[PDB]
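Asker: With the input below, show me the fold.
(chains A and B, ligands or ions: 2)
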There are 2 protein chains.
Amino acid sequence: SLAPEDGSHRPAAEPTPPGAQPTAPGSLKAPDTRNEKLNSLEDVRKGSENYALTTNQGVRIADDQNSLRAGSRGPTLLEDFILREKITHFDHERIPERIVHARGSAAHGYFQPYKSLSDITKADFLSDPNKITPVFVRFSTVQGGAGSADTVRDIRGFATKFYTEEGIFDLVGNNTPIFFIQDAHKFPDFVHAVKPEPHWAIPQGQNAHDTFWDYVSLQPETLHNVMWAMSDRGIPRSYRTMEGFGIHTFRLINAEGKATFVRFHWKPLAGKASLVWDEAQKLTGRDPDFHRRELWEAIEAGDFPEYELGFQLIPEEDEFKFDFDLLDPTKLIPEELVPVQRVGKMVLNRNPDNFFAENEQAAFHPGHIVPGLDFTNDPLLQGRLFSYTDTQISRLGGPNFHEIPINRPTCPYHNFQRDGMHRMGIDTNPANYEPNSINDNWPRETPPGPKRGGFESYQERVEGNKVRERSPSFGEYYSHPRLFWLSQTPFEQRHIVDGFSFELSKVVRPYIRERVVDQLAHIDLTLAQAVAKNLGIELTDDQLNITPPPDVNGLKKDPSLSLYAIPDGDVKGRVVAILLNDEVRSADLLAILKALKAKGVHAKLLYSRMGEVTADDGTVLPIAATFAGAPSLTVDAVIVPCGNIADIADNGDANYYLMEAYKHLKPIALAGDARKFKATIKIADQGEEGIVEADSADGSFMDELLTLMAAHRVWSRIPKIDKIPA
Amino acid sequence: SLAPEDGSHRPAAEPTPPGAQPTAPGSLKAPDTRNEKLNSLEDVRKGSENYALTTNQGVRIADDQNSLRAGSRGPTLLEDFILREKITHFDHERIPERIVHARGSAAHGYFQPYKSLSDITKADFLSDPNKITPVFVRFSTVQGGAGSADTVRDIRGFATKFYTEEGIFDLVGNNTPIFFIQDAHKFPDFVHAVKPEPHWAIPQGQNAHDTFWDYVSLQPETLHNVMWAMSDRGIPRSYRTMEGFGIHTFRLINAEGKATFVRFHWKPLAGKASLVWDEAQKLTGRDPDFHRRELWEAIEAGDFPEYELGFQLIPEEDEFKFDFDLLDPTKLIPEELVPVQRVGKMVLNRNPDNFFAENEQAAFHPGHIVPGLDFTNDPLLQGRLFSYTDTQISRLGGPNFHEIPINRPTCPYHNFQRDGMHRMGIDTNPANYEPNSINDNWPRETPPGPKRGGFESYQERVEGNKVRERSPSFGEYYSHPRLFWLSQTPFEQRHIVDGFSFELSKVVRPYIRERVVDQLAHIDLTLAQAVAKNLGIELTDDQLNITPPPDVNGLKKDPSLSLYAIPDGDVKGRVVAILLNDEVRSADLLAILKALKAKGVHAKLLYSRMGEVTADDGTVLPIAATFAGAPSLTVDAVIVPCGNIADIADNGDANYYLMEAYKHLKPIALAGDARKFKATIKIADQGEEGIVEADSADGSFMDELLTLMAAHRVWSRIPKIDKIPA
Ligand code: HDD
Ligand code: HDD
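Answerer: Residues are numbered from 1 along each chain as shown, chains lettered A, B, ... in the order given. Ligands and ions are numbered 1, 2, ... in the order given. Structure as follows:
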């Protein structure tokens, strides 16, 4: 036996906080969590304990340490079938990554609606508040490869597979409410532009290069989503703290055949929260798997990601009531004009067992709809419907990708389709066609109906010539970017300016930067001037005189577009670094941890080495990480208790830890002699908002810190940070 | 026309320093760089200027902006073949990445021997110093995906495809002289252990995780390459500044049929140089494409990567003369015992045109040898021979991957093989079998001979039973790690310690850390105690009393194992950050740029914003990047000219710039009022070795600076950096 005697190789099969236990496969970690999809994957789950090592043919292997050779220093023999099976399988492990959104992290969960929506849709998964629908959700970036970093600036994908009783419904969204382009025909162009440039394949995971800004400068329709991407929306703190949107207008179809237009929304119940750019960038180097890790660990801890499904609903007769086209995917529907009606709740409560088998192989496709939904003519949606079926033929090896376990419906599926690579189902039907008499025409078509009926498209009127033409109604590019800008707080505006300025600095051809600044002058002259200035560009007289675009249906702002305008902080599942010394004051530590535990906030105990330290009273404190190994990038706040402060006062790493957290606007709390650390970050004797300080770590020292954490970052600190060399 | 009037979209077709011009495909950048292989690709290069946009079938496209739809707001029509072709090709762009070494960067060049080697090898490419062999070289990391970061801690791959007159020879090596494991049967185990863990696919590009150290702790044969990976060898400054090795003993065979044992080496003519860990890790976040960028830009600048090919030659009668087995790929041959004969030089002088077509699709395989070379019984080599043919069947789509342009021989190739997916050659031979009379038996076998002859294996004697058994002569695991350890400088020793300490700190299961510490105590107690101390572990008495392993054939060190013991700095191609201010002392800048130019050292002008600044004498200085956009991580030294130092004196980014560079041991030079920056980095009034300072930037100031740059980093500074919060 290689396992240790004390059984410490095996993670506890119960919820534990991040870092307490090694992470494990979801069905070993949380064996008691179940839903109908997880249950149905049981036939393909393979265990391992107490089984013999075999070939794939079931032959027991005696020596898995050597090749077969003629003499123990001799040549390897071709007859070594155990070696060749094992190397062959290794040699063919990889499958193509997704063309876009290659980088992504996934979890199982469930959805339930709040009430029946049968008055507006016959969709079965929305028919009954008791009806629970298993889900599999994959979150992702867009641009980078599967091995790229999580906390890049990019759009995020938020893809949900609902395993309904009437088929698979995939809701394939992003974390911003619009897309960059209007017609699918341009997708390979846009994607080629944002992707690594084709001569040298640089840069990975970054829009900060010439071809992307070239495209944008020439295609003003992209400016709306670019504004989002340049805002702090482009750097979420967690997949748990971002919004999701279906982007397109789709249709709900009720049992009377009435169509209602709908846009889909996901509201994060843990609230909205983003990083700051310098933090996000550095974090791609300190922990390129930060969001993937954070997601897995939240679930293992029982901080399950929760989201609320919502619908913006527009009657058919209201199609033309707005200043923009409902079918234009570069246009959002302001919540001030059409509120989001709450629909149901989704909880992600189980990690996969095998990342490749469940996550890498999952195929999501927005054409996968169910009776009670239908499409519209949104010409970007329209082209999507072709792609997500097509791409699976190479990515997943052929037309039986629905038989890969994670993709299988849990409801019945029967039809006359046969064969194809790696065909699993063995059909016993004497007929493989219809109509047939030799099996009495089974499986049979089902008329549409109120429930359990066949799919019928809504009979929308089509009238016009066969044209490759953009609708004139789509030809307005600035008003939405402007509404977005005006809806942001002043610090969010600063961050947008600085996103454009940093990205444009990396564009080598100066005329591209100028053409982008010219485009910004059409959206807002304040934004345009602030960017221009950071680039050494002066606006012309002409540019200074560009009339701003009209407001959107009378709105001069919509605060639902801002991350922070309306506080919606949740501290549960956030993390605090506690910087230890070799003689910690235990009364400080007890108080800190007790207050954190009460609010569901985790802690990591840091020191200059691993092992343990002993507190003043003899208490042994296990160290999670070093200052350098778990940098401030990875936590939401930092607390330093009293003790032997001299032990760390001249530690570069410990000082720097505070400077980095200070710069990135995080709450910092210092107790007793840990107040000495005020010098390092240049805090006045009388203190400042965002630095909590006191003789000892209570009375209200933890309440104040916890209040700063609910506000996420100390925005008021922003003018103070250019000073600090961090 | 969309290009700018002044033609600044197009980079000059002449060598230019990094950042001076946009980078370009190699045949547009260096159209007159030719070699036989590059010329032979001309049939497949496709241009673009002045051609009409078409489908793949050659049909001109009128509107590449719109799908075809029934009405300009109507549905997309299935008959849109233009859209579907474009989206189909997009949907299938990706191919499986390499199972290992997926991340890599490649260039064209040539090789030429220094003298005829026909005394020891009939290999045609080694027959005449005037024989020029085109080459294609791909450098890589090992663990991470195609999308992961360059400056990770990893082994690096160094693969060279020689397009010889008698066949392709691929020399498929790494940047350390041994591998982790003895027998190819264990390669899937080792690789699964090092790769992201299967439940959650974390971590990317890092050995710093439980499963890797689990394997290492249980397989002491790994310890030798583990030591190299934990040293600064695991973090090269550049693919130009690392060694390459074939690892295995192979054979040269001469025209008389005499076999000589050979190990291959590549010696970098730019010298050996590595980053420090904190810089490397941070650089994976600031520029994950840094090595790829730096290789491409060196070649565009004319800093061609050059390497000397070297052979360690051991006569057949000397097979058993050492105290390790020549066929054990975890053992190196110390150059103190068998010197490296320098045999030729390879120059990398042209970048690819298309990364995907030339780099991603390149197939290298060590079984691709030519008459004059042969294999040995090394059980790791033996197993590789199977893998590199097998893996291309999925990765490159079939058995015709040799017809992919970058992979084609430039010499004749004719045989009876036919068909296979994407067969390009159209065979006219009446026969597809031999022996045949219908084509008079052509193409025909060729007897082996001194030149242009067929391949015959060296008739090595085999005697032994069919066994799966490790040779007992491979059962020694510690003496090579020890020799490597003892051969490092004191500062390289500290970085090895820090390497294990950092990595093991991230292993969650503490017993794994302990088991690894125990292994180190079988190598060297000093090492084992220093790593234990960082982990909060105490060695027992038993561990304190483990006898060290014996010397290697009497050697207690070999300075050729160190990166830095023997000075071999070359500053050509290195880069310095010059930090600007809004009134630069122009006389300082003239002197600096002049001295750098003379040594081939590049410069990047940095400021708080883009655009320009104007010098005291009115010279207009273009800014390359901001302090934040081109961090000190990306440069070899920092110089700060005099001028209006007040302008940057209080800029946090400029201050941090100097702190970061100082912490990573880089030379810093400060002229006139720039010396006010001594305060940010805590430098005593009467100066410190590694900080160049003077009233102005005279001739002596630049010589001192360039002398430091030749020593790569200021190792004496290491005790000062603990103090610095950066
Ligand atoms: C016409 C092509 C096309 C266009 C216009 C879009 N996409 Fe897409 N998308 C794909 C073609 C595609 C794809 C090529 O089919 C992918 C890559 C691999 C795959 O399975 O689907 C994909 C993947 C993909 C994923 C990852 C699903 C997963 O995690 O596996 C998400 C979240 C989206 N897309 C979301 C969007 C949104 C919100 C869009 C605009 C509203 C959008 N896509 C436009
Ligand atoms: C038994 C399997 C096996 C073993 C023991 C090794 N490798 Fe390997 N290697 C592969 C199987 C393989 C592979 C699966 O066939 C790869 C992956 C993709 C490809 O085309 O070849 C590969 C790729 C690969 C590459 C990248 C080539 C390129 O850039 O495309 C390098 C540099 C090496 N290997 C070097 C080594 C060295 C120096 C080894 C030990 C001395 C070694 N490999 C052991």
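
Asker: what's the spacing between the residue of the stretch 401-550 of chain A at minimum distance from ligand 1 and chain B?
Answerer: At 9.4 Å from ligand 1, residue A:401 is the closest residue in the stretch 401-550 of chain A, using Cβ to the nearest ligand atom. In this view, the C-beta of every residue, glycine as well, is placed from N, C-alpha and C. Separation of residue A:401 from chain B (Cβ to the nearest Cβ, to the nearest Å): 13 Å.

Asker: For the residue of the stretch 201-350 of chain A found nearest ligand 1, the count of nearby residues, please.
Answerer: Residue of the stretch 201-350 of chain A nearest ligand 1, by Cβ to the nearest ligand atom: residue A:247 (3.9 Å). The number of residues packed near residue A:247 is 24, by other Cβ atoms under 10 Å in any protein chain shown.

Asker: so what's the backbone phi/psi at the residue of the stretch 401-550 of chain A closest to ligand 1?
Answerer: Torsion angles at residue A:401 (phi, psi; degrees, to the nearest 10) stand at phi -60, psi -20.

Asker: and what of residue A:519?
Answerer: Main-chain dihedrals, residue A:519, degrees, to the nearest 10: phi -60, psi -40.

Asker: dump the residue contacts of it.
Answerer: A:216, A:217, A:220, A:223 (Cβ atoms under 8 Å, 6 or more residues apart in numbering or on different chains).

Asker: Tell me the one of those residues nearest residue A:63?
Answerer: Comparing those against residue A:63 with Cβ to Cβ places residue A:216 closest, at 59.7 Å.

Asker: What are the phi and psi values at the residue of the stretch 201-350 of chain A closest to ligand 1?
Answerer: Per-residue torsions, residue A:247: phi 70, psi -60 (degrees, to the nearest 10).

Asker: The residue in the stretch 401-550 of chain A that chain B sits nearest to: what's it in contact with?
Answerer: The nearest approach of the stretch 401-550 of chain A to chain B comes at residue A:536, 1.2 Å away (Cβ to the nearest Cβ). Contacts for residue A:536 were tallied using Cβ under 8 Å, 6+ apart; they are B:609, B:610, B:611, B:612, B:623.

Asker: circling back to that earlier point, determine which two of the contacts of residue A:519 are furthest apart.
Answerer: The most widely separated members of these, counting by Cβ to Cβ, are A:217 and A:223 (9.7 Å).

Asker: What number of residues are in the vicinity of the residue lying closest to the residue of the stretch 401-550 of chain A closest to chain B once chain neighbours are set aside?
Answerer: Distances taken as Cβ to Cβ, 6 or more residues apart in numbering or on different chains place residue B:611 nearest to residue A:536, at 1.2 Å, with adjacent residues excluded. Residue B:611 has 16 neighbouring residues, counting by other Cβ under 10 Å.

Asker: Identify the residues contacting residue B:611.
Answerer: For residue B:611, the contacting residues are A:535, A:536, A:537, B:623, by Cβ under 8 Å, 6+ apart.

Asker: Tally up the residues packed near residue A:693, please.
Answerer: Neighbourhood size, residue A:693 [other Cβ under 10 Å]: 18.

Asker: in what helix or strand does it lie?
Answerer: Following DSSP states H and E, one finds residue A:693 within strand A:691-694.

Asker: Tell me which residue in the stretch 551-700 of chain A sits closest to ligand 2.
Answerer: Closest contact between the stretch 551-700 of chain A and ligand 2, by Cβ to the nearest ligand atom, is at residue A:629 (30.0 Å).

Asker: and the stretch 351-500 of chain A, which residues reach ligand 1?
Answerer: A:362, A:363, A:364, A:380, A:383, A:384, A:387, A:388, A:391 (Cβ under 6 Å from any ligand atom).

Asker: hang on, I meant chain A
Answerer: In this structure, chain A approaches ligand 1 at residues A:98-101, A:104, A:138, A:140, A:157, A:159, A:172-174, A:179, A:184, A:187, A:247, A:329, A:362-364, A:380, A:383-384, A:387-388, A:391, judged by Cβ under 6 Å from any ligand atom.

Asker: My guess is residue A:513 contacts residue A:537. True?
Answerer: Yes: if you go by Cβ atoms under 8 Å, residue A:513 and residue A:537 touch, sitting 6.8 Å apart.

Asker: Settle it for me: which of the two has more neighbours?
Answerer: More crowded of residue A:513 and residue A:537, by other Cβ under 10 Å: residue A:513, with 27 against 21.

Asker: Spatially nearest residue to that one, not counting backbone neighbours?
Answerer: Excluding the flanking residues, the one nearest residue A:513 by Cβ to Cβ, 6+ apart is residue A:504, at 4.7 Å.

Asker: show me the contacts for that neighbour.
Answerer: By Cβ under 8 Å, 6+ apart, the residues touching residue A:504 are A:213, A:512, A:513, A:516, A:517, A:531, A:535, B:610.

Asker: any chance of those residues in TSV, plus secondary structure and distance to residue B:42?
Answerer: Output for these, formatted as TSV (DSSP: H, G, I helix; E, B strand; the rest coil; distance: Cβ to Cβ, whole Å):
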residue	secondary structure	distance to residue B:42
A:213	helix	33
A:512	helix	31
A:513	helix	36
A:516	helix	37
A:517	helix	41
A:531	helix	44
A:535	coil	41
B:610	coil	40
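
Asker: What about the residues you listed, which one has the most neighbours?
Answerer: For those, the largest neighbour count, defined by other Cβ under 10 Å, is 27 neighbours, found at residue A:513.
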